[PDB]
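Here's the structure we're looking at; comments come further down.
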Amino acid sequence: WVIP
Amino acid sequence: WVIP
Amino acid sequence: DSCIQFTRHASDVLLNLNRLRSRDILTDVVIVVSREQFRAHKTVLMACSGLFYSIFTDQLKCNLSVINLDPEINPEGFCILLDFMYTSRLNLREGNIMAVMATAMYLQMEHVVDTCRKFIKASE
Amino acid sequence: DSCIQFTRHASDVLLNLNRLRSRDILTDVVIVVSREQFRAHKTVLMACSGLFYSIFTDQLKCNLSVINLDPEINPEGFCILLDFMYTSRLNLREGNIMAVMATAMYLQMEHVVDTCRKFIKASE
Ligand SMILES: N#Cc1c(Cl)ncnc1Nc1ccc2c(c1)CC(=O)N2
Ligand SMILES: N#Cc1c(Cl)ncnc1Nc1ccc2c(c1)CC(=O)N2
Ligand SMILES: [Cl-]
Ligand SMILES: [Cl-]
Ligand SMILES: [Cl-]
Ligand SMILES: [Cl-]
């Protein structure tokens, strides 16, 4: 999971 | 396009 | 093999699938969550959820145009997860995390359950 | 928004769509290319091809279960492109590049046409  |  | 790969292809396919959903094009099922209805493509639901994969591979249920979810399922939680299925983006907030996690557990979406558990553990 | 994103989601969705295709699950159209037939999902074809997007948004053609391609279309070229649609991988070879490019032009798959033109220009 990432900060897009 | 890339070499996968 | 000796194939070349187009990096953005999978993302572009998903973007187009979401555009089709927004315009109600070739949607083949309605998911009923208490008073709310959500139109979708069976293949995308199966590709994202262990529960929908099980439902639509069933010889009788594969032909149904309406699927009713358990009454304990929160419609907002379902909406957030349906958006995630079509976009890879999860709108996870303090106010919805418990509903999102419970819905992801029911729908059998392991990666969503994992990030919800991690965000909850960080707040305790 | 304040969303989080699962990097591998789009790729995982496409992998599952390809698994469904391989098992002939919820495929809703057969593409006929001279003596050969290819089963697929209309939504994936539309999501990858300007030609299929046009065909399946047509009020009459959207309901067809069989689509016959132009007789000049090479089945191997079509097979390579159908595999690309479901995998992001293009099996481009000296022996098939002309057929792949002609098929990609017909199907309106701009990125494939682009890499074919580039590979051809490098060999002249
Ligand atoms: N459609 C399809 C499908 C196929 Cl073909 N093969 C394997 N899994 C499929 N989908 C599916 C099954 C289980 C789970 C998910 C997706 C996400 C998750 O957390 N559990
Ligand atoms: N399905 C869908 C779809 C939608 Cl909803 N919006 C916009 N394009 C869509 N698909 C589509 C249209 C034109 C082309 C491609 C795909 C690849 C390409 O080279 N040309
Ligand atoms: Cl029904
Ligand atoms: Cl997931
Ligand atoms: Cl027909
Ligand atoms: Cl393309």
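Sequence lines set the chain letters: A, B, ... in the order given, protein chains first and strands last, and positions in each chain run from 1. Atoms within each ligand, like the ligands themselves, are counted from 1 in listed order. Only this structure's heavy atoms are used, side chains among them; waters, hydrogens and symmetry mates stay out.
For the residues C/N16, D/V44, D/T43, the heavy atom positioned nearest atom 9 (C) of ligand 2 is part of C/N16. When the heavy-atom distances from atom 2 (C) of ligand 1 to C/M109, C/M46, D/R21, D/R23 are ranked, the shortest goes to C/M46.
Taking the six-membered ring where the residue is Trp, D/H9 and C/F84 present tilted rings, their angle falling between 30° and 60°.
Applying the side chain to side chain contact (heavy atoms under 4.5 Å, CB included) test between C/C116 and each of C/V112, C/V113, C/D114 identifies C/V112 as the sole match. Under the side chain to side chain contact (heavy atoms under 4.5 Å, CB included) test applied with D/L69, the options D/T103, D/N74, D/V33, D/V32 reduce to a single match, D/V33.
By the 3.5 Å distance cut-off applied to N or O atoms, C/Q108 is counted among the residues near ligand 1.
With ligand atoms numbered from 1 in the order given, ligand 1 contributes 12 (C), 13 (C), 14 (C), 15 (C), 20 (N) to contacts under 4.0 Å with heavy atoms of C/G50. If you number the atoms of ligand 1 from 1 as listed, the ones under 4.0 Å from a heavy atom of D/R19 come out as 5 (Cl), 6 (N), 7 (C). Counting the atoms of ligand 1 from 1 in the order shown, those under 4.0 Å from a heavy atom of D/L20 are 1 (N), 5 (Cl).
Looking at C/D28 and C/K42, no side-chain N of the basic residue comes within less than 4.0 Å of a carboxylate O on the acidic one, giving no salt bridge.
For the pair D/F119/D/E94, no side-chain contact is recorded, criterion being any heavy-atom separation below 4.5 Å from C-beta on.
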